[PDB]
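Just one chain follows, in the form solved without this ligand, and it is written as structure tokens.
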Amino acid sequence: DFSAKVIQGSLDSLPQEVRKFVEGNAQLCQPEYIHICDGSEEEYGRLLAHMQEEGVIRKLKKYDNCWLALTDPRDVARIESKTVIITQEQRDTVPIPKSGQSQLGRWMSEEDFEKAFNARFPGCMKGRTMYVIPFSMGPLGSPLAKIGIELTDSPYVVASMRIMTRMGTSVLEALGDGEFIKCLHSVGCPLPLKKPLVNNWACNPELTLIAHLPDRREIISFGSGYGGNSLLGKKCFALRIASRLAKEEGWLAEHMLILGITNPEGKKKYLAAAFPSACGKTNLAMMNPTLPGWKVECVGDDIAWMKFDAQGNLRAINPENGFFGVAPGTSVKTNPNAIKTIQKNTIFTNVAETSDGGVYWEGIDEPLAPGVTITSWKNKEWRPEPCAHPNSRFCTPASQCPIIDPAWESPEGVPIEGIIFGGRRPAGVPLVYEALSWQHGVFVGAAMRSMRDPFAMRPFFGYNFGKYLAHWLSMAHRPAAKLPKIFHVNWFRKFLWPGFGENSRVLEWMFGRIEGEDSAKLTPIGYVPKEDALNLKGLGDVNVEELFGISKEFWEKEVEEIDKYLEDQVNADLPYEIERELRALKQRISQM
């Protein structure tokens, strides 16, 4: 019994299964106190003040209620070599490759994990508070939303999870006796400290391990307090666990932005998009379009959960409640909507601090006022090695985005009429092309690169990628399902295209193609825009010949390399339809 150690809330008031989870890991981890989070503003402010008192965070006096954390240099990102999924058979988690290691995930046996678990978690929270975070992934009470409970010994995680999810007493009420994802986290530094504490950031880099057990509905993470390792809603739940749930239940959990686009007549369409690059999604999702009368609005910039309703519409929600964006490259010039979002109630991690209480990073594109000296993320003076860590972050409420979509919290979701795959390619791949079919579209997603990153999901596949491809293809056999039109974009051909707000011109063409305009020319790789199909007013003389140019020699090599990749990495689980599209594309290119 742990009722004596409860410092907020009550074990009695919890649902029986939530109590089992809290009390069981309390017995294992042995925390001093147990804090059931209510999600309130009072709880949030006093927790920030407590982190301030202990040197864990610093207040940023320039802004309204903004904070800065500086971490141990050994704990600054997701570590893929210590990120694992546990199933009975390895084959269900990753395809068995013909050669070498799998690039599509990392499996660990139930037995191996059991040893690792017992060598870490017993007594790991000694002298620390165990925070119980009840959180909803998606608008509270949405039919697409899923609920979880995160146990953690890190106040930084609690604060960050308040921004990145809906959390508090309301989630416990909405949950009741229903199912939830069990999330267990520890920084892995029980008191008294065995190891020395670096920069007031508790971590155990040697024993760091981020484990997923989809069959048990469990995420178990140890040793890292950073981002995707500690905010277990973000990658562990929303992509890795969710994609397995999505396979079982007939929906999709994807690494996609969701944006709403409006034409000058007020007609609205929603698009989803997967890019492998860090900045690529936020650039597009928070874009200021340069075309007169066109509007762009953000539903989300990272995760999309998509399900077909009874009318056959692919409905999407953003399961997150905030933005955990990469800080470097966030420019006052070329990303003003993102900068506006972060001016209040934002937790920054590993960015540089100015003398006047502001933030700084590489690519901010705003010169500092005279006198203003910079302190780097290592807490030392800096003079124009980088001032901010390249994977440094802002953690900010989604509601504060100036162009947040009015339907971003709609429980039914938004109707996805188009899915966009993206890649940074210097040669060969045109500005934009549209997939010939759903099956070809799935192949396009599988052939993405900028290391190859199919669906932008390489580090996040929750199960076998071959079976993931088969799951995608199976959507074409759902009764009366209106399949989204699929496109591939490449802003970075050479640079022949300005990009930024001008990409709205490419989105107009996608919009019109969805409406059924004959504004397309057929090519061996798919449909491209016609001569004069794009709106180029205000751009001068852009080289549309070389920009939409399709070289026989390039694409011959491209399909060969895709063939080798998919044969090697997906192997026996590669669905016939993907191997068909590959040979079909190979054949179309041979006839050029």
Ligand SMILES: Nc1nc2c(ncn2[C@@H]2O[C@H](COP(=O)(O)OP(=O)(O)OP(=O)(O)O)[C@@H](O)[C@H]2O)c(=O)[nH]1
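Superpose the two forms; the largest set of C-alphas matching within 1.5 Å is the rigid core. When you see a residue number, it is the position in the sequence shown, counting from 1.
If you look for the form deposited with this ligand bound, you will not find it shown, but the lines that follow are about it.
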| item | value |
| --- | --- |
| Open vs blocked, site of this ligand as found in the entry with it bound, superimposed, 2.4 Å to backbone or C-beta | blocked |
| In the entry with it bound, the one of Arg505, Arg244, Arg128, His255 near this ligand [non-hydrogen atom within 4.5 angstroms] | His255 |
| Contact residue in the entry with it bound, chosen from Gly441, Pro276, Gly138, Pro484 - any heavy atom within 4.5 Å of this ligand | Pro276 |
| Partner proximity in the entry with it bound: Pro264 to this ligand, non-hydrogen atom cutoff 4.5 Å | no |
| 4.5 angstroms heavy atom contact with this ligand in the entry with it bound for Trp491 | yes |
| Partner contact for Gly250 in the entry with it bound: this ligand, 4.5 angstroms, heavy atom | no |
| Heavy atom of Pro328 within 4.5 Å of this ligand in the entry with it bound | yes |
| This ligand in the entry with it bound: contacting segment from 292-300, 277-285, 204-212, 467-475, heavy atom within 4.5 Å | 277-285 |
| Triple contact flag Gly39, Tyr63 and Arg166 to this ligand in the entry with it bound, non-hydrogen atom at 4.5 angstroms | no |
| Of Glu42, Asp541, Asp64, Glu53, the one whose Cα moves 2 Å or more between the shown form and the other one after core superposition | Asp541 |
| Rigid core fit then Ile550 CA moved by 2 Å or more between the shown form and the other one | yes |
| Did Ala278 shift 2 Å or more between the shown form and the other one, C-alpha, core superposed | no |
| Core-aligned CA displacement of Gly428 at least 2 Å between the shown form and the other one | yes |
